[PDB]
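Single-structure report; data block below.
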Amino acid sequence: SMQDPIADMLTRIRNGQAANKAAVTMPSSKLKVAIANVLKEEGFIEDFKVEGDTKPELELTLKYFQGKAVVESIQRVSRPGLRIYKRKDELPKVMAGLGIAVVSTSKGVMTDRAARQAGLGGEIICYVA
Amino acid sequence: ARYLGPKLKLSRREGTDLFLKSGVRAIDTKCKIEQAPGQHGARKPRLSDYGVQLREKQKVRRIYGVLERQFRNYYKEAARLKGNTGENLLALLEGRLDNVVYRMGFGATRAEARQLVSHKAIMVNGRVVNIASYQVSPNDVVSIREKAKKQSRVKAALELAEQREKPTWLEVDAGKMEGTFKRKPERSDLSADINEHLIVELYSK
Amino acid sequence: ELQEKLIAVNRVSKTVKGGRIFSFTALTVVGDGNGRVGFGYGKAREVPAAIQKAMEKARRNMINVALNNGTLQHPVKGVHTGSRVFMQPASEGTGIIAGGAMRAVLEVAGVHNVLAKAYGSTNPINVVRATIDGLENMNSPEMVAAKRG
Amino acid sequence: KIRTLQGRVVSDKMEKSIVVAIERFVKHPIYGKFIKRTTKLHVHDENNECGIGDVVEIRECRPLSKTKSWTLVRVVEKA
Amino acid sequence: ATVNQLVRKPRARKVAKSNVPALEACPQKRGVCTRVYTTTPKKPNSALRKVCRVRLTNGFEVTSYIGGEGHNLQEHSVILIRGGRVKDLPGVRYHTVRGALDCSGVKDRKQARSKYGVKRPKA
Amino acid sequence: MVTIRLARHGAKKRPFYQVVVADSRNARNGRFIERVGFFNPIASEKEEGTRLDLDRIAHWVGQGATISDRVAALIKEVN
RNA sequence: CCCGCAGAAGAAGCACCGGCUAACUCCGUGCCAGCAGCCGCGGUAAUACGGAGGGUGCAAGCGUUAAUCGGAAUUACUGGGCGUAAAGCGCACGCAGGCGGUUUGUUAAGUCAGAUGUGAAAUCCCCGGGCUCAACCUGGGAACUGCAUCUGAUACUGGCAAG
RNA sequence: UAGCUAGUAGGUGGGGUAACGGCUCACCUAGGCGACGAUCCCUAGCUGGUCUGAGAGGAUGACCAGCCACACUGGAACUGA
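Residue numbers (the working numbering), protein chains in the order written: chain A, 1 to 129; chain B, 1001 to 1205; chain C, 2001 to 2149; chain D, 3001 to 3079; chain E, 4001 to 4123; chain F, 5001 to 5079.
Printed below as a string of structure tokens:
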């Protein structure tokens, strides 16, 4: 990317959700390992392998259950220059809470249940559905 | 401030019988139901979309005798209260003083019992009430005061609504001066023809 | 069984060497009150024969849509080719606070508790396409959980 | 000690008196954007011990002159 | 638009103007009857209508339609204006209070009385 | 010169005061340092027609507030 | 406020009726008189003008005008657009502005968390009292989305340091 | 309406107010504010809240309540907490 590494990643993934390729790959900062170690665990994709040490870079495995593809409607919201630092008792539940809401907390990125369990919100990263 | 002149021709407009004139043979057409809303009488009522909502707002207003200023206050009260907007609206109608005095035996028709409310006769829970919207809370006795216990028409009223269904949500002494607003009248023990969809969706704009 | 409903009827003309031949359109939907809905389209040269042919158009091609409580449960946005439809799930006892064409498709699904809005164009041919796409895109909590894990 | 408001020096062409701007973020009240906004307030100091371009710690004081109600406490930056 | 194009200048309004310029924030103004004119409407109409230019009290002079069914106007006395423009005649953006100071009612209408100077007939 | 007079937020012919610890020279009922206590001459077994939290008057007597007549009714019309 | 006696006895208007918009048929007039909020009606059979029966809605008021928001996603931050529908300066480097590749350290301003202050009472809101009910009067709560301070947090972002 | 400003901007001093003070008078210094909208002309009293909107947002400031401003039109002061 030039001027957001995480926004321009989220174009790269769901273009794989429009031709149903197997593996996708983007140049991977240490933040970017902490991105898809949430999407795997909540079940939206399957497996990933970092590789490279002068170009640290990922091998994400997609997940399309049918002709239907699992990662339906992912959206970045906090785009740079429009930071929305949510207080935690405003929190965006995604699609009546049926999805997950990736929030950049202190204690990590892994965020469904920061509403009650962790107990501190922050900058939204992206809605996920 | 109520509808005076004719009474049954309004039932000829709204299809089925509204209980304004009842207990006698006028069930089966002493006025030719569905035959004369007016001059152009038995005609072609080519209905519309707005109509089948507008008929229902003037169905249950005209079954109880409530004009348009007052019926919207029952609507706007039926939003702040917990639960269904429609079902609370029928609950707030059934708790009305005149609606209770009718189907707790007293009076031939609701318009009579309204006049029996407004002529100092009815007494709620030891208290004189001559206002036709004192909205009764549960576990309260209805009562007719002593100086109008038997005048003409009290004793002949109970027998007519006793062929009508005995409702669950009230208790009543057929002997004398004793009732109980028991609990909330549900949707099941309603007249079951009134469609609460078609009033909530009317005033919402 | 099923349940019909019209939408409208136009004054569709045409032009031949002679004059102005008219026609009539008939927009209907069909849905049994349990979740499946369908629609059709059909013309004629008079009024009542148009309905008769378009009514069978909807008695096939009824699409499978699951409901939750006589209502929707999660806010899909529906758009189809001229118009935007914004359906929010709401409480029980709320009526279908809705505009034109989607009233016909919601009181045939079994849907009875939705507040929703038409956002842009108000042209009832293209409105009724969108809300069927709006209910097509949805997912029940079974479709949530069984697909992700 | 108040907050020890940090600031800069903009200009010194005055006799024992300086001009301080203060970096300051804010939510823009209707759009939700962060505009870096700065103010400009005269600050009393005697020794000329801060130069044009430094970083300055400031507390309030008695209103000495017109247009100037802040004394320097100390400096954390050379020119 | 971009966020930093709405920042440096706000969303300006879509300004709305008044088309009854005999307000001065008022609903009814007094007038002292310049003439009575009998001009003609445009193409889809016919049957020339009854208008009067009116000398106001704010300082203006403007015209007004004298509707009803026949009128009563000697032309050096008082009328009262109503607004609500006629579509037909070019320039008449008012009406007259049918039954007011010096401009009395119409000769025996019997439906929609109150919008003209017709009261209860005999009972 | 601080006083403990009573305000008047009632209906027509239905007074319902407020126990108001306020200033002397100010309004009929428009200003108070603080408000504690209320009153009603329409009790007739409604409820308690007086409820004062007497410690706060025992606070503001200690400052030196001169007390007024109908409150001086209440301090013995409560025990 | 309660009580006593007459005698149905003193007490019903107002707009609309072509479409939107709930309610229709006839006489009179014939592009004249007239209506009207837009669409429009009248030039011999006017469900639209004038009149009469009948109907509709509301009610001690009903219509008309004036005035603000709403429908208007029609100034759009949540919620727009610009290839032809109004709209990409004729084109270039660029100053102040806005915006960061990539790793570690670190500070704690941005933001999150925790309290403590404070946001006058009255309205709005929820359970509860009092006028024969309701308007209205009212007890306590919640809320007043705020700003300033201490304590905490280091994932994002931000200044300093190192790549 | 893009330039404005000399008691203007700052410092020693005296003098001055209940109080810090350019609040005033001599003297030195030559500044001060401004595209994050100064001077300018036009218009307007401000808030708690009312109205409307599902919300944001939009027009409002009559009534009861907070705070200033003004007493026919221009001035200056006396007394006095």
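Note that beta-carbon positions come from the ideal geometry of N, C-alpha and C, so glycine has one too.
{"Item": "Going by CA-CA distance only, name the one from D/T3004, D/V3055, D/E3049 that's closest to D/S3017.", "Value": "D/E3049"}
{"Item": "Using DSSP with H/G/I as helix, E/B as strand and the rest coil, what is C/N2126?", "Value": "helix"}
{"Item": "Give a yes or no on whether the minimum CB-CB distance between A/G16 and chain C is below 8 Å.", "Value": "no"}
{"Item": "Any contact between the segment 4040 to 4057 of chain E and the segment 4071 to 4084 of chain E? By contact I mean 3 or more CB pairs, one from each, below 8 Å.", "Value": "yes"}
{"Item": "Just by C-beta distance, which residues in the segment 69 to 87 of chain A are closer than 8 Å to chain D?", "Value": "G81, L82, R83, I84"}
{"Item": "Among all the DSSP beta bridges, which residues are the ones paired with D/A3021?", "Value": "D/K3040"}
{"Item": "How is A/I125 classed by DSSP in three states: helix, strand or coil?", "Value": "strand"}
{"Item": "Following the continuous alpha helix (DSSP H) through B/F1071, name the residue where it begins and the one where it ends.", "Value": "1068 to 1080"}
{"Item": "Short of 7 Å in beta carbon distance, which residues of its chain neighbour C/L2115, apart from the five on each side in sequence? Order them along the chain.", "Value": "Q2088, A2090, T2094, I2097"}
{"Item": "Would you call residue 5110 of chain F buried or exposed, if buried means 16 or more other Cβ atoms sit within 10 Å of its Cβ?", "Value": "Lying before the first or after the last residue shown, residue 5110 of chain F is absent from chain F, which here runs from 5001 to 5079."}
{"Item": "Could you check the C-alpha separation between B/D1049 and C/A2026 for me, to the nearest Å?", "Value": "17 Å"}
{"Item": "Consult DSSP for A/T11 and reduce its assignment to one of helix, strand or coil.", "Value": "helix"}
{"Item": "Please classify B/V1117: does DSSP put it in a helix, a strand, or coil?", "Value": "helix"}
{"Item": "Beta-carbon of D/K3033 versus every beta-carbon of chain E: anything under 8 Å?", "Value": "yes"}
{"Item": "State the Cα-Cα distance for the pair F/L5006 and F/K5012, rounded to the nearest angstrom.", "Value": "17 Å"}
{"Item": "Under 8 Å by Cβ, that's how I've got E/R4109 and E/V4118 pegged, so tell me the actual separation to the nearest angstrom.", "Value": "5 Å"}
{"Item": "Alpha carbon to alpha carbon, what distance is there between B/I1033 and B/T1016?", "Value": "8 Å"}
{"Item": "Using a beta-carbon distance cut-off of less than 8 Å, what residues from the segment 34 to 65 of chain A approach chain C?", "Value": "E42, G43, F44, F65"}
{"Item": "Could you please give me the residues that DSSP links to A/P27 through a beta bridge?", "Value": "A/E57"}
{"Item": "Which residue comes first and which comes last in the beta strand (DSSP E) that contains residue 972 of chain B?", "Value": "Only positions 1001 to 1205 of chain B appear in the structure, and residue 972 of chain B is not among them; the question remains open."}
{"Item": "Let me see if you follow: with CB-CB separation under 8 Å, is C/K2147 close to chain A or not?", "Value": "yes"}
{"Item": "Only counting the same chain, and skipping five residues up and downstream in sequence, which positions put a Cβ closer than 6 Å to that of B/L1198?", "Value": "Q1053, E1056"}
{"Item": "Return the CA-CA distance between B/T1168 and C/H2112, expressed in angstroms with no decimal places.", "Value": "28 Å"}
{"Item": "Can you list, in chain order, the residues of its chain whose CB lies under 8 Å from that of D/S3065, leaving out five sequence neighbours each side?", "Value": "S3017, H3042, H3044"}
{"Item": "Considering only the alpha carbon of each residue, which of B/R1114, B/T1029, B/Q1039, B/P1037 lies closest to B/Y1064?", "Value": "B/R1114"}
{"Item": "For D/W3070, report the span of its alpha helix (DSSP H) as first-last.", "Value": "Element bounds for D/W3070: not the alpha helix (DSSP H) but the beta strand (DSSP E), 3068 to 3075."}
{"Item": "What does a CB cutoff of less than 8 Å around E/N4019 pick up in its chain, not counting 5 residues either side in sequence?", "Value": "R4085, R4093"}
{"Item": "Below 7 Å between beta carbons is the criterion; list the residues of the segment 1188 to 1204 of chain B that meet it against any residue of chain C, in chain order.", "Value": "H1197, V1200, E1201, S1204"}
{"Item": "Using a Cβ-Cβ distance under 8 Å, would E/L4006 count as near chain D?", "Value": "yes"}
{"Item": "Taking only the alpha-carbon atoms, compute the straight-line gap between E/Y4037 and E/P4090 and give it to the nearest angstrom.", "Value": "13 Å"}
{"Item": "Which residue comes first and which comes last in the beta strand (DSSP E) that contains C/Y2041?", "Value": "2037 to 2044"}
{"Item": "Suppose you measure from the CA of C/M2055 to the CA of C/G2078; what does that come to, to the nearest Å?", "Value": "24 Å"}
{"Item": "So, with DSSP's three-state summary, where would you put C/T2131?", "Value": "helix"}
{"Item": "State the DSSP-derived secondary structure class of F/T5050, mapped to helix, strand or coil.", "Value": "strand"}
{"Item": "Mind checking if C/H2074 is an interface residue toward chain A, Cβ cutoff 8 Å exclusive?", "Value": "yes"}
{"Item": "Go ahead and pull the three-state DSSP assignment for C/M2102.", "Value": "helix"}
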